[PDB]
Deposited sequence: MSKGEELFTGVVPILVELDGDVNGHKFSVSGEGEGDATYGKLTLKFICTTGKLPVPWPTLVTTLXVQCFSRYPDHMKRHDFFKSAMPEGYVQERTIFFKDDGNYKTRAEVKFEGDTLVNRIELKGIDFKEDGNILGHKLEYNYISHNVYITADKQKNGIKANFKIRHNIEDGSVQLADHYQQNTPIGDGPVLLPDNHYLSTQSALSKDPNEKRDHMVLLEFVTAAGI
């Protein structure tokens, strides 16, 4: 029941802005949607504003607002994400694609008025030109995984590590090992959690009337483990 959680009681507009550079291939993505944390529900549409996306859309799902997670009543003292609002938090990750390159991301998630904004910078290096990522060999599928969270008292925040498996067009899998760290932007108290995890269901689709390179995403996220 942090003060920040009070800002998520209803439907909240979401805005996402990302600038990326993977092996020198630069691109930008904008996203808009709404989140209803009471139900851990998110509906968003992302657009590559610079032309064709140089990496597969599924590889950007985790990067492109865990503050919308539905925390059970008995676990609300463990919701770091909402507690950091409205000032927000910095979310950083290193994502290692097995036998390929890695993404390093830094984002600031905070409220700008009634809108929850996620601004991100993504840098990818060491990718293979004809690999599964730059070669666009990943299926446009359902990302269903867990995120294991632990407190990071030293940084007044949290850390998390988890695996994302992306189906490859040949039936195989491209592993993406995620390492995450979140720290509050403000100086007020936040909720440092006991170990737990977030279970997210992500469905990817296309807007039949959209000609720009894009991704429509429907997600449901719920905290558990305690």
Sequence ranges absent from the coordinates, based on the deposited chain and numbered from 1:
65
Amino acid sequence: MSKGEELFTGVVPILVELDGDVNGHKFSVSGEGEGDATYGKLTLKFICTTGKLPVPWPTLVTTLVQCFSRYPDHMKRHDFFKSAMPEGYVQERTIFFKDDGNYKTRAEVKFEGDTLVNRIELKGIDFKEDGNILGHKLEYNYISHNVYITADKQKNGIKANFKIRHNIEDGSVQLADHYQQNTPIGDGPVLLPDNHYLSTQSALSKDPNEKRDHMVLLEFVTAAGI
From here on, numbers count along this sequence of modelled residues.
Residue stretch of maximal mean CA temperature factor, 2-10 vs 216-224:
2-10
Quick one: say whether 112-120 or 143-151 has the higher mean Cα B-factor in the deposited entry.
143-151
Compare the CA B factors listed in the entry for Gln174, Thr59, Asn195, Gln66 and report the winner.
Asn195
Taking the chain's C-alpha temperature factors as the reference, tell me which third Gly188 falls into: lowest, middle or highest.
highest
For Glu92, the third of its chain into which the C-alpha B factor falls:
lowest
By its CA B factor, does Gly51 count among the lowest, middle or highest third of the modelled residues in the chain?
highest
Among the modelled residues of its chain, does the C-alpha B-factor of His166 lie in the lowest, middle or highest third?
middle
Entry-reported C-alpha B-factor of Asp21 relative to its chain, by third, is middle
